[PDB]
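Visitor: Under the UniProt record's numbering, think of the first position of the sequence shown as 36, with each following residue one higher. In this text, a Cβ means the ideal position worked out from N, Cα and C, and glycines have one as well. To start, I am sharing the structure in question, which I have written as structure tokens.
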Amino acid sequence: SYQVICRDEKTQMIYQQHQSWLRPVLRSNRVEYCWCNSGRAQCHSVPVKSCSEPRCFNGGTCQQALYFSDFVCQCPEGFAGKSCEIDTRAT
Numbered sequence: 036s037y038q039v040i041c042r043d044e045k046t047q048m049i050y051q052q053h054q055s056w057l058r059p060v061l062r063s064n065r066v067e068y069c070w071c072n073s074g075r076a077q078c079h080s081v082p083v084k085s086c087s088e089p090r091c092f093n094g095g096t097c098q099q100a101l102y103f104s105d106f107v108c109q110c111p112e113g114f115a116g117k118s119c120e121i122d123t124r125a126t
């Protein structure tokens, strides 16, 4: 009856009806702005750059789109949290 589509596995985050997220590309250099639309996922390439300040810590790297304010946060290692301030692997 209700409707709630668009989930994510790369970033590991769910998005309900009429939501939006970023899906960085691979070698190209741009990213796509995927805005859910009844399970249609409206993505499209857009130029991007590095955030003004590294919001991701512990090695992560922030990236912000050139025209919108949507930003994605990368953070290897395996810790937790947007800034990766929660480390469970290392003491």
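Give the secondary structure of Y50 by DSSP, where H, G and I count as helix, E and B as strand, and everything else as coil.
Guide: In this structure, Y50 counts as coil in the three-state DSSP scheme.
Visitor: Would you call the stretch 80 to 89 and the stretch 61 to 69 in contact, with 3 or more CB pairs under 8 Å?
Guide: Counting Cβ pairs under 8 Å, three or more are found: they touch.
Visitor: Beta carbon of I40, beta carbon of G74: below 8 Å?
Guide: In this structure, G74 lies closer than 8 Å to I40 by Cβ.
Visitor: Could you check what DSSP says for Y102 in three-state terms: helix, strand or coil?
Guide: Coil at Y102, not helix or strand.
Visitor: Measuring alpha carbon to alpha carbon, tell me which residue in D122, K45, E88 and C119 is nearest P59.
Guide: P59 has its Cα closest to that of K45, out of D122, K45, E88 and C119.
Visitor: With DSSP collapsed to three states, give me the class of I121.
Guide: In this structure, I121 counts as strand in the three-state DSSP scheme.
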